[PDB]
Amino acid sequence: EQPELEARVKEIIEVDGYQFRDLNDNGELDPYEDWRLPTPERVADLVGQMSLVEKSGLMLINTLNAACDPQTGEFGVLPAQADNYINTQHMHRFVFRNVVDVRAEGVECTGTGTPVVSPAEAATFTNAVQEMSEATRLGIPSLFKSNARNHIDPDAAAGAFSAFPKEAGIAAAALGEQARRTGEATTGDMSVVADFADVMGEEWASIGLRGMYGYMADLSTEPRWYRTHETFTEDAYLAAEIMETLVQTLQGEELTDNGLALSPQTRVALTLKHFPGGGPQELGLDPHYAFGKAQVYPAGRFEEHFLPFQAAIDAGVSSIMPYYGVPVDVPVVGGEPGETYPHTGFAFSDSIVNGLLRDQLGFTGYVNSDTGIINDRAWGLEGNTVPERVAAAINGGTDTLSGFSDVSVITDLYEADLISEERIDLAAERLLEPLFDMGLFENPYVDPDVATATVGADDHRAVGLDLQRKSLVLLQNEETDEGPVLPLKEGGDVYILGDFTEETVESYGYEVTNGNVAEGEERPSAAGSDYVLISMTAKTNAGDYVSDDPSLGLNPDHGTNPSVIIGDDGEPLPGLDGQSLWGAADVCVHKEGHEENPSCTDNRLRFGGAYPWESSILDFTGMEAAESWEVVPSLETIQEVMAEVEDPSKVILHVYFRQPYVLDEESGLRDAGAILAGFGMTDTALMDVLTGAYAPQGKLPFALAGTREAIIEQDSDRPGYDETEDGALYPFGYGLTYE
Ligand SMILES: [Zn+2]
Ligand SMILES: [Zn+2]
Ligand SMILES: [Zn+2]
Ligand SMILES: [Zn+2]
Ligand SMILES: [Zn+2]
Ligand SMILES: [Zn+2]
Ligand SMILES: [Zn+2]
Ligand SMILES: [Zn+2]
Ligand SMILES: [Zn+2]
Ligand SMILES: [Zn+2]
Ligand SMILES: [Zn+2]
Ligand SMILES: [Zn+2]
Ligand SMILES: [Zn+2]
């Protein structure tokens with residue numbers, strides 16, 4: 001039963017014949033160093049031994065990236081920041097953001113930016129941090145978190161994390177496999193999600209990356225929200241099933257007496273994101289920005305949106321991250337009638353994070369804040385000081401704060417008696433508990449050579465390729481006089497436009513003319529082609545946005561922000577009276593804080609999204625004409641190319657529905673011979689299905705509209721379009737198949 005032990009600074013101590021690590025270096029087996037004691041008794045013994053700064057340092061989590069020594073020429077070295085974070089801020093949680101991949105020959109360690117690190121180099125970096133954490137007085141280990149890594153970027157061998165379709169494609173593939181085996185498409189064949197999660201957990205754990213910022217349980221019920229690209233589905237029951245499988249596969253199925261799925265077999269502890277559900281954004285605008293503070297619920301579906309989180313809580317998820325949106329007129333769950341959650345950001349609401357999440361939904365783990373939101377994105381708290389903002393989060397129930405690297409911030413709060421020592425301790429118990437249950441006090445190191453053998457292994461990449469082929473959804477397969485168009489015929493001339501690699505397409509045995517020409521040069525005609533292959537999407541370009549510019553945010557010609565958030569002080573929040581200019585909600589204009597010349601929080605729309613006055617343009621014709629949207633390749637070119645072939649049924653459209661884009665009848669895109677929704681796949685996965693080596697089997701995990709009107713006109717918290725006039729062009733569950 002002796003758990004494997006690894007110490008590279010502290011000494012191994014024996015007692016009762018068994019072995020242990022002396023992380024305190026007292027020479028005695030302190031109870032917290034005893035792996036046989038129950039974990040609540042271990043933490044009780046360790047928190048009793050820590051100073052307030054040490055316990056306050058657990059409430060911080062910040063970026064700690066691998067570094068490169070420009071003279072040593074070695075990658076995977078501790079950066080400067082590590083010593084400060086570990087020994088002075090007493091931090092034990094970090095975000096790992098380096099890309100893991102094999103650098104090309106000629107890559108020199110330019111001391112600038114986050115270097116690309118190989119799997120073995122990441123593992124050595126993570127081990128180094130763990131060793132510094134072992135050198136700490138109480139040698140508490142560290143935990144790294146990361147955003148998702150196993151997904152194809154649809155706008156871009158061993159060594160990198162294995163590549164799967166985007167989250168929505170995982171849902172599409174799961175639905176399609178249930179449909180193939182039972183003819184139905186509702187809650188999905190979670191065997192595909194467990195197969196995905198099994199690759200990720202293996203590769204993540206092998207580099208010492210035992211935590212995640214994710215996955216996202218948010219529902220794609222509002223199509224104008226730019227974050228729909230990171231959601232699995234619009235259907236809460238499918239998402240809840242996905243969240244349950246993710247937790248059971250990435251964390252164990254072994255739940256402790258405290259209800260948390262945490263064992264030494266936990267490969268990745270999850271921090272579910274955007275509780276209680278950031279999907280229903282008003283006008284699709286996102287809370288990262290002052291104009292988009294509001295989350296509205298016209299169909300009364302607030303309970304449906306936290307349903308996925310419930311199933312993950314019930315499965316034993318380790319951590320929860322609250323969003324920064326303001327619930328507007330949401331009936332408090334388990335409360336007297338007429339009561340509405342305070343018009344304050346969830347990240348600051350004691351009633352959501354302690355009441356809804358902990359008391360009503362039963363959550364026993366710890367709560368982890370989001371980044372870049374506590375100091376300058378405290379909605380409902382624009383009048384407050386920055387320390388008051390921080391105390392509202394912590395007393396509201398948030399235990400660790402993301403993007404904070406100065407422990408003096410917490411102790412200044414405790415000194416100013418804004419936060420209690422009892423709180424700093426309750427936080428410490430919740431934050432220390434997973435480090436014990438996951439076995440990190442016994443062995444927090446990983447073997448770097450095994451990382452080379454694991455990250456991107458041949459079988460792992462085969463599973464991702466499998467899911468890519470199964471994630472494609474055939475939306476339209478016109479039947480010619482000759483027969484179906486998509487099972488492509490062997491041989492023929494083929495015109496390509498968009499992100500097709502010409503040689504991989506030639507390699508299937510086709511003569512290919514390449515429509516993708518530089519801007520200046522001339523583009524060959526598509527006349528004569530037997531098939532036209534177009535891979536198309538749309539992106540934002542909002543980087544010019546300035547809130548205080550009279551041309552932009554203060555431009556009356558751009559209309560007014562129709563969103564109204566009435567504060568509990570009874571006066572509207574600045575700029576959110578329903579009658580202000582789009583840039584009026586930003587602090588640099590309202591200036592309702594304790595800083596004289598506050599900087600704008602929305603300028604450049606750094607995080608994504610369109611110009612707010614354009615966030616309802618999701619049809620391709622409109623996007624082509626909009627200022628902050630771009631169709632790629634331009635819809636003008638697509639339409640020329642579709643004219644040059646005298647039959648539009650020779651056009652195959654591969655569309656990446658980053659949001660639920662509208663194939664309007666004006667665009668002509670619905671006259672193509674075939675239309676497919678892709679969520680990220682290699683060119684050979686795509687050509688495999690189009691050529692009939694594999695048949696398409698995936699189903700849409702969110703409905704698609706056919707009218708600009710249905711987009712404006714659907715309920716932000718409701719899935720589908722059935723409540724709209726024009727309705728859904730394609731519903732959830734829709735999937736054609738080669739017959
Ligand atoms: Zn000891
Ligand atoms: Zn100190
Ligand atoms: Zn294993
Ligand atoms: Zn279930
Ligand atoms: Zn976030
Ligand atoms: Zn005091
Ligand atoms: Zn080894
Ligand atoms: Zn081993
Ligand atoms: Zn493997
Ligand atoms: Zn040829
Ligand atoms: Zn032209
Ligand atoms: Zn035709
Ligand atoms: Zn909706």
# chains A, B, ... in the order shown; residues from 1 in each chain; ligands from 1
call {"tool": "residues_near_ligand", "arguments": {"ligand": "ligand 4", "cutoff": "9 Å", "atoms": "only C-alpha atoms and all ligand atoms", "output": "VMD selection string"}}
result
chain A and resid 240 to 241 244 to 245 311
call {"tool": "residues_around", "arguments": {"residues": "residue A:343", "least_positions_apart": "3", "cutoff": "12 Å", "atoms": "only C-alpha atoms", "output": "ChimeraX atom specification"}}
result
/A:293-296,324-332,339-340,346-352,378-381,564-573
call {"tool": "write_last_selection", "arguments": {"atoms": "N, CA and C atoms", "output": "mmCIF file, in the first residue's frame"}}
result
data_model
loop_
_atom_site.group_PDB
_atom_site.id
_atom_site.type_symbol
_atom_site.label_atom_id
_atom_site.label_comp_id
_atom_site.auth_asym_id
_atom_site.auth_seq_id
_atom_site.Cartn_x
_atom_site.Cartn_y
_atom_site.Cartn_z
ATOM 1 N N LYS A 293 -22.730 43.586 -20.435
ATOM 2 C CA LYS A 293 -22.776 43.048 -19.071
ATOM 3 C C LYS A 293 -23.932 42.067 -18.860
ATOM 4 N N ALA A 294 -25.014 42.190 -19.624
ATOM 5 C CA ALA A 294 -26.272 41.529 -19.294
ATOM 6 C C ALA A 294 -26.390 40.103 -19.819
ATOM 7 N N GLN A 295 -26.969 39.233 -18.991
ATOM 8 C CA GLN A 295 -27.447 37.913 -19.392
ATOM 9 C C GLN A 295 -28.953 37.891 -19.169
ATOM 10 N N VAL A 296 -29.724 37.632 -20.221
ATOM 11 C CA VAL A 296 -31.171 37.693 -20.071
ATOM 12 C C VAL A 296 -31.776 36.342 -20.418
ATOM 13 N N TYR A 324 -18.732 36.430 -15.476
ATOM 14 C CA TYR A 324 -18.756 37.837 -15.009
ATOM 15 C C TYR A 324 -20.052 38.522 -15.447
ATOM 16 N N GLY A 325 -21.006 37.752 -15.968
ATOM 17 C CA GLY A 325 -22.259 38.342 -16.454
ATOM 18 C C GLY A 325 -23.171 38.738 -15.317
ATOM 19 N N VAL A 326 -24.153 39.594 -15.601
ATOM 20 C CA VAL A 326 -25.144 40.020 -14.577
ATOM 21 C C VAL A 326 -26.463 39.334 -14.885
ATOM 22 N N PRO A 327 -26.989 38.499 -13.980
ATOM 23 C CA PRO A 327 -28.279 37.918 -14.217
ATOM 24 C C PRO A 327 -29.267 39.090 -14.184
ATOM 25 N N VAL A 328 -30.226 39.123 -15.107
ATOM 26 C CA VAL A 328 -31.229 40.178 -15.081
ATOM 27 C C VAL A 328 -32.591 39.558 -14.781
ATOM 28 N N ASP A 329 -33.144 39.884 -13.605
ATOM 29 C CA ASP A 329 -34.507 39.417 -13.230
ATOM 30 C C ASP A 329 -34.566 37.891 -13.251
ATOM 31 N N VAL A 330 -33.627 37.240 -12.566
ATOM 32 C CA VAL A 330 -33.646 35.753 -12.488
ATOM 33 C C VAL A 330 -34.263 35.339 -11.151
ATOM 34 N N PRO A 331 -35.383 34.593 -11.150
ATOM 35 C CA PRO A 331 -35.973 34.117 -9.911
ATOM 36 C C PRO A 331 -34.946 33.314 -9.106
ATOM 37 N N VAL A 332 -34.644 33.759 -7.885
ATOM 38 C CA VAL A 332 -33.686 33.016 -7.018
ATOM 39 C C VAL A 332 -34.202 31.587 -6.866
ATOM 40 N N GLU A 339 -38.412 37.350 -5.581
ATOM 41 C CA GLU A 339 -36.966 37.522 -5.291
ATOM 42 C C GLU A 339 -36.181 37.305 -6.584
ATOM 43 N N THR A 340 -35.242 38.204 -6.881
ATOM 44 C CA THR A 340 -34.410 38.082 -8.102
ATOM 45 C C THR A 340 -32.941 38.174 -7.691
ATOM 46 N N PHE A 346 -21.966 37.434 -11.455
ATOM 47 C CA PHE A 346 -22.039 36.169 -10.698
ATOM 48 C C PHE A 346 -20.755 36.004 -9.896
ATOM 49 N N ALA A 347 -19.646 36.465 -10.443
ATOM 50 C CA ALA A 347 -18.340 36.248 -9.792
ATOM 51 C C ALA A 347 -18.286 36.997 -8.468
ATOM 52 N N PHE A 348 -19.240 37.888 -8.244
ATOM 53 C CA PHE A 348 -19.280 38.714 -7.046
ATOM 54 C C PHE A 348 -20.510 38.473 -6.173
ATOM 55 N N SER A 349 -21.390 37.542 -6.563
ATOM 56 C CA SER A 349 -22.688 37.310 -5.929
ATOM 57 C C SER A 349 -22.611 36.156 -4.946
ATOM 58 N N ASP A 350 -22.681 36.485 -3.658
ATOM 59 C CA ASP A 350 -22.759 35.471 -2.619
ATOM 60 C C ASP A 350 -23.927 34.520 -2.835
ATOM 61 N N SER A 351 -25.033 35.016 -3.410
ATOM 62 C CA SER A 351 -26.240 34.206 -3.597
ATOM 63 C C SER A 351 -26.104 33.191 -4.730
ATOM 64 N N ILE A 352 -25.239 33.451 -5.705
ATOM 65 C CA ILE A 352 -24.998 32.486 -6.779
ATOM 66 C C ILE A 352 -23.910 31.484 -6.398
ATOM 67 N N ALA A 378 -15.674 44.409 -12.725
ATOM 68 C CA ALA A 378 -16.582 44.078 -11.608
ATOM 69 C C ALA A 378 -17.927 44.728 -11.897
ATOM 70 N N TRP A 379 -18.847 43.999 -12.520
ATOM 71 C CA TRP A 379 -20.127 44.605 -12.955
ATOM 72 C C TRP A 379 -21.088 44.672 -11.784
ATOM 73 N N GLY A 380 -21.687 45.837 -11.578
ATOM 74 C CA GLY A 380 -22.515 46.019 -10.379
ATOM 75 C C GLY A 380 -21.640 46.598 -9.292
ATOM 76 N N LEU A 381 -20.351 46.746 -9.590
ATOM 77 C CA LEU A 381 -19.445 47.224 -8.557
ATOM 78 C C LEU A 381 -18.559 48.338 -9.102
ATOM 79 N N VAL A 564 -30.807 47.170 -20.951
ATOM 80 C CA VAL A 564 -31.081 47.906 -19.719
ATOM 81 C C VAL A 564 -30.763 47.002 -18.535
ATOM 82 N N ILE A 565 -29.879 47.474 -17.663
ATOM 83 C CA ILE A 565 -29.601 46.835 -16.382
ATOM 84 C C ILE A 565 -29.859 47.876 -15.309
ATOM 85 N N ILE A 566 -30.918 47.679 -14.547
ATOM 86 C CA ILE A 566 -31.239 48.581 -13.455
ATOM 87 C C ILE A 566 -30.495 48.076 -12.234
ATOM 88 N N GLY A 567 -29.664 48.917 -11.654
ATOM 89 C CA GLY A 567 -29.020 48.490 -10.444
ATOM 90 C C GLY A 567 -30.028 48.380 -9.310
ATOM 91 N N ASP A 568 -29.617 47.628 -8.298
ATOM 92 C CA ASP A 568 -30.292 47.617 -7.007
ATOM 93 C C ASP A 568 -30.232 48.965 -6.298
ATOM 94 N N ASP A 569 -29.264 49.821 -6.636
ATOM 95 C CA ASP A 569 -29.411 51.202 -6.179
ATOM 96 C C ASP A 569 -30.572 51.918 -6.883
ATOM 97 N N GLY A 570 -31.253 51.260 -7.822
ATOM 98 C CA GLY A 570 -32.383 51.824 -8.523
ATOM 99 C C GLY A 570 -32.050 52.681 -9.720
ATOM 100 N N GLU A 571 -30.802 53.127 -9.857
ATOM 101 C CA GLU A 571 -30.397 53.905 -11.020
ATOM 102 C C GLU A 571 -29.734 53.001 -12.061
ATOM 103 N N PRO A 572 -29.929 53.243 -13.357
ATOM 104 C CA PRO A 572 -29.308 52.369 -14.353
ATOM 105 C C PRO A 572 -27.793 52.404 -14.242
ATOM 106 N N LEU A 573 -27.178 51.266 -14.552
ATOM 107 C CA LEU A 573 -25.733 51.226 -14.672
ATOM 108 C C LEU A 573 -25.303 52.162 -15.797
#
call {"tool": "closest_residue", "arguments": {"among": "A:714, A:415, A:611, A:384", "to": "ligand 6", "atoms": "only C-alpha atoms and all ligand atoms"}}
result
A:415
call {"tool": "residues_near_ligand", "arguments": {"ligand": "ligand 10", "cutoff": "7 Å", "atoms": "only C-alpha atoms and all ligand atoms", "output": "MDAnalysis selection string"}}
result
chainID A and resid 506 509:511
call {"tool": "residues_near_ligand", "arguments": {"ligand": "ligand 13", "cutoff": "9 Å", "atoms": "only C-alpha atoms and all ligand atoms", "output": "VMD selection string"}}
result
chain A and resid 220 to 223 234 280 711 713 to 721 723
call {"tool": "write_last_selection", "arguments": {"atoms": "C-alpha atoms", "output": "short mmCIF file (atom, residue, chain, number, x, y, z; two decimals), in the first residue's frame"}}
result
data_model
loop_
_atom_site.label_atom_id
_atom_site.label_comp_id
_atom_site.auth_asym_id
_atom_site.auth_seq_id
_atom_site.Cartn_x
_atom_site.Cartn_y
_atom_site.Cartn_z
CA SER A 220 -24.99 27.63 -27.53
CA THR A 221 -28.55 28.99 -27.16
CA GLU A 222 -27.56 32.51 -28.32
CA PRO A 223 -26.03 32.28 -31.85
CA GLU A 234 -27.22 24.01 -27.50
CA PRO A 280 -27.62 33.38 -22.91
CA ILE A 711 -31.55 35.30 -35.46
CA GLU A 713 -36.10 36.95 -33.14
CA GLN A 714 -35.15 33.80 -31.13
CA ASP A 715 -34.98 33.62 -27.29
CA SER A 716 -31.38 34.01 -26.08
CA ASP A 717 -31.82 31.16 -23.55
CA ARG A 718 -33.84 28.92 -25.81
CA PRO A 719 -32.32 26.29 -28.11
CA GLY A 720 -33.45 26.08 -31.68
CA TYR A 721 -35.69 28.38 -33.68
CA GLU A 723 -40.51 29.66 -31.46
#
call {"tool": "closest_atom_pairs", "arguments": {"of": "chain A", "to": "ligand 11", "cutoff": "10 Å", "atoms": "only C-alpha atoms and all ligand atoms", "output": "Markdown table"}}
result
| residue | atom | partner | partner_atom_place_in_ligand_line | distance |
| --- | --- | --- | --- | --- |
| A:522 | CA | ligand 11 | 1 (Zn) | 9.4 |
| A:523 | CA | ligand 11 | 1 (Zn) | 8.8 |
| A:636 | CA | ligand 11 | 1 (Zn) | 7.0 |
| A:637 | CA | ligand 11 | 1 (Zn) | 6.3 |
| A:638 | CA | ligand 11 | 1 (Zn) | 9.8 |
| A:639 | CA | ligand 11 | 1 (Zn) | 9.5 |
| A:640 | CA | ligand 11 | 1 (Zn) | 7.0 |
| A:641 | CA | ligand 11 | 1 (Zn) | 9.5 |
call {"tool": "residues_near_ligand", "arguments": {"ligand": "ligand 9", "cutoff": "10 Å", "atoms": "only C-alpha atoms and all ligand atoms", "output": "list in words"}}
result
residues 198, 199, 200, 202, 203, 453, 454, 455, 456, 457, 458, 459, 460 and 461 of chain A
call {"tool": "closest_residue", "arguments": {"among": "A:172, A:152, A:128, A:585", "to": "residue A:189", "atoms": "only C-alpha atoms"}}
result
A:172
